[PDB]
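A.B. asks: Structure below; questions to follow.
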Ligand SMILES: [Ca+2]
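Residue numbers (the numbering used here), protein chains in the order written: chain W, 1 to 149; chain D, 150 to 335.
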């Protein structure tokens, strides 16, 4: 039904670690932009328009990162863990999931914030920005086809 | 020329080799006739194949034997539109057979051992015109593709230019060609 956001350390890998940013303790909210920007190289001669090649540019995704710890100790351990896990691997695979599709985007940590403006039981509300490596790709199994008489 | 890395022709020889290419898709090259539209981001610039001098008019001075000085007045030589070189004083025409702009230079010559003035032909070589050649850089047309080392006859803005495809740029955005007009028109 609703949208799902997984954060994989190494998708396709034996050492994969999955973070549910939609259901788990560390949650991602309000993505900045999931769309795209394009530079079409349109040069015009005497009012007539000629179009070059479109360079589809992908923009940084900024999430409202929230932590759901029970104690100040929990919320700090969640920030010290989640952020370092993204740092340990050179790039992290964000999975976009919905009723119709299951796309993936390879992200690199652009900016993470840590402030002392806490709620109840030391709750965290910070902004996490990621740089786009490759936006939306389908990771699927490939198998041979058999021919029958 | 095009440099290419390719494994040795014989299956016995396991070596990877580097060779230089001076070969074409056709052994006996044929001339193509095509059109280049202004939409292909065309860049027109003039190249010079042969080195010949640029001052079409010559204020020629001849040194006097008796004074061993340039005491005598100069003789002016003008190159006609046809290609011939005549003395300016000898001209009796209406200006139609002479150039549209007068590029001039002053030349100094020393009299030969015989004492005779320098040959008209020797002056002619120095005032003679250079090969004005047109270069066209444009986008690759998928309707009629033009590859490197192909003899072509390009139509651009109502004017016909004849020559070959010298270079080709493989970029991320476009695929472009360098056309060099070989000249030798009349
Ligand atoms: Ca991997």
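The beta-carbon is built from N, C-alpha and C at its ideal position, and this holds for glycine as well.
How far does the alpha helix (DSSP H) with residue 37 of chain W in it extend, from its first residue to its last?
C.D. replies: Against the first chain, residue 37 of chain W aligns to sequence position 37. First-last for residue 37 of chain W: 37 to 39, but that is the beta strand (DSSP E), not the alpha helix (DSSP H).
A.B. asks: Could one say the Cβ of residue 323 of chain D lies closer than 8 Å to chain W's Cβ atoms, at least one of them?
C.D. replies: Your numbering for residue 323 of chain D matches position 174 in the second chain. Yes, contact with chain W.
A.B. asks: If we count the other Cβ atoms within 10 Å of its Cβ and call it buried at 16 or more, is residue 203 of chain D buried or exposed?
C.D. replies: Position 54 of the second chain holds residue 203 of chain D. Exposed is the call here.
A.B. asks: Since residue 329 of chain D contacts residue 273 of chain D with CB under 8 Å, what's their CB separation in whole angstroms?
C.D. replies: Within the second chain, residue 329 of chain D is the residue found at index 180, counting from 1. Within the second chain, residue 273 of chain D is the residue found at index 124, counting from 1. That belief does not hold up - the Cβ atoms of residue 329 of chain D and residue 273 of chain D are roughly 28 Å apart, past 8 Å.
A.B. asks: For the beta strand (DSSP E) holding residue 18 of chain W, just list the boundary residues, first then last.
C.D. replies: As a first step, residue 18 of chain W must be located in the first chain, where it is residue number 18. Element bounds for residue 18 of chain W: 18 to 20.
A.B. asks: Going by DSSP, what residues sit across from residue 288 of chain D in a beta bridge?
C.D. replies: Here residue 288 of chain D refers to the residue found at position 139 when the second chain is read from its first residue. According to DSSP, which records beta bridges pairwise, residue 288 of chain D is partnered with D:325.
A.B. asks: Within 8 Å of any Cβ in chain W, is that where the Cβ of residue 270 of chain D sits?
C.D. replies: In the second chain, counting from the first residue as 1, residue 270 of chain D sits at position 121. No, no contact with chain W.
A.B. asks: Evaluate contact between the stretch 244 to 263 of chain D and the stretch 300 to 318 of chain D, counting only Cβ atoms and requiring at least three cross-stretch pairs below 8 Å.
C.D. replies: No, because fewer than three Cβ pairs between the stretch 244 to 263 of chain D and the stretch 300 to 318 of chain D fall closer than 8 Å, the two stretches do not touch.
A.B. asks: Anyone know if the C-beta pair for residue 111 of chain W and residue 9 of chain W falls short of 8 Å?
C.D. replies: Within the first chain, the letter at position 111 stands for residue 111 of chain W. Within the first chain, the letter at position 9 stands for residue 9 of chain W. Result no, Cβ atoms of residue 111 of chain W and residue 9 of chain W do not sit closer than 8 Å.
A.B. asks: If the cut-off is 8 Å on Cβ atoms, which residues from the stretch 21 to 47 of chain W count as contacting chain D, listed in chain order?
C.D. replies: For the stretch 21 to 47 of chain W, which is checked against every Cβ of chain D, the residues closer than 8 Å are 41, 43, 45.
A.B. asks: Quick check for students: name the residue ranges of the beta strand (DSSP E) that lie wholly in the stretch 74 to 133 of chain W, counting only runs of 3 or more.
C.D. replies: List check, beta strand (DSSP E) in window: 92 to 97, 102 to 112.
A.B. asks: Out of D:264, D:196, D:254, D:194, point me to the one whose CA is closest to residue 275 of chain D's CA.
C.D. replies: Locating residue 275 of chain D in the second chain gives position 126, counting from the first residue. Comparing Cα-Cα distances from residue 275 of chain D to each of D:264, D:196, D:254, D:194, the minimum goes to D:254.
A.B. asks: DSSP three-state call for residue 176 of chain W: helix, strand or coil?
C.D. replies: Residue 176 of chain W is absent from the structure shown; chain W starts at 1 and stops at 149.
A.B. asks: Based on DSSP bridge pairs, tell me the residues matched to residue 310 of chain D.
C.D. replies: Within the second chain, the letter at position 161 stands for residue 310 of chain D. D:303.
A.B. asks: Round the Cβ separation of residue 132 of chain W and residue 58 of chain W to the nearest angstrom and send it over; I've been treating them as touching at under 8 Å.
C.D. replies: One-based indexing of the first chain puts residue 132 of chain W at position 132. One-based indexing of the first chain puts residue 58 of chain W at position 58. Their Cβ separation, rounded to whole angstroms, is 4 Å, which keeps residue 132 of chain W and residue 58 of chain W in contact under 8 Å.
A.B. asks: Going by beta carbon distance, what residues of the same chain come within less than 8 Å of residue 123 of chain W, once the five residues before and after it are set aside?
C.D. replies: Residue mapping note: residue 123 of chain W aligns to position 123 of the first chain, counting from 1. Excluding sequence neighbours, residue 123 of chain W sits near 66, 67, 68, 69, 75.
A.B. asks: What's the C-alpha gap between residue 30 of chain W and residue 319 of chain D?
C.D. replies: Along the first chain, read from residue 1 onward, the residue named residue 30 of chain W stands at position 30. Along the second chain, read from residue 1 onward, the residue named residue 319 of chain D stands at position 170. If you take the alpha carbons of residue 30 of chain W and residue 319 of chain D, they lie about 41 Å apart.
A.B. asks: Whole-angstrom Cβ separation of residue 105 of chain W and residue 135 of chain W, contact assumed at under 8 Å?
C.D. replies: Reading the first chain from its first residue, position 105 is the one you call residue 105 of chain W. Reading the first chain from its first residue, position 135 is the one you call residue 135 of chain W. Their Cβ separation, rounded to whole angstroms, is 5 Å, which keeps residue 105 of chain W and residue 135 of chain W in contact under 8 Å.
A.B. asks: Give a yes or no on contact between the stretch 86 to 96 of chain W and the stretch 2 to 22 of chain W, applying the rule of three or more CB pairs nearer than 8 Å.
C.D. replies: They touch, by the three-pair rule.
A.B. asks: Give the secondary structure of residue 270 of chain D by DSSP, where H, G and I count as helix, E and B as strand, and everything else as coil.
C.D. replies: Counted from its first residue, the second chain places residue 270 of chain D at position 121. Residue state, collapsed to three classes: helix.
A.B. asks: Would you kindly check if the distance between the Cβ of residue 219 of chain D and the Cβ of residue 227 of chain D is under 8 Å?
C.D. replies: Stepping through the second chain from its first residue, residue 227 of chain D is reached at position 78. Stepping through the second chain from its first residue, residue 219 of chain D is reached at position 70. No. Outside cutoff.
A.B. asks: How many Å lie between residue 324 of chain D and residue 163 of chain D at the Cα?
C.D. replies: Locating residue 324 of chain D in the second chain gives position 175, where the first residue counts as 1. Locating residue 163 of chain D in the second chain gives position 14, where the first residue counts as 1. Near 35 Å, if we compare the C-alpha coordinates of residue 163 of chain D and residue 324 of chain D.
A.B. asks: Quick check on the DSSP output: what are the complete beta strand (DSSP E) runs of length 3 or more inside the stretch 180 to 228 of chain D, in order along the chain?
C.D. replies: Counting only runs of 3 or more, we get 181 to 184, 192 to 197, 206 to 211, 224 to 228.
A.B. asks: Does the Cβ of residue 13 of chain W lie closer than 7 Å to at least one heavy atom of ligand 1?
C.D. replies: As a working note, residue 13 of chain W is residue 13 in the first chain. Checking the Cβ of residue 13 of chain W against ligand 1 gives yes.
A.B. asks: For chain D, find out if any of its Cβ atoms is closer than 8 Å to the Cβ of residue 53 of chain W; answer yes or no.
C.D. replies: Your numbering for residue 53 of chain W matches position 53 in the first chain. Closer than 8 Å: yes.
A.B. asks: Using only alpha-carbon positions, find the residue among D:182, D:191, D:281 that is nearest to residue 168 of chain W.
C.D. replies: It is not possible to answer for residue 168 of chain W, since the shown part of chain W is limited to 1 through 149.
A.B. asks: Answer yes or no: the CB of residue 10 of chain W versus the heavy atoms of ligand 1, is any distance below 7 Å?
C.D. replies: Sequence index remark: in the first chain, residue 10 of chain W carries index 10 (1-based). Checking the Cβ of residue 10 of chain W against ligand 1 gives yes.
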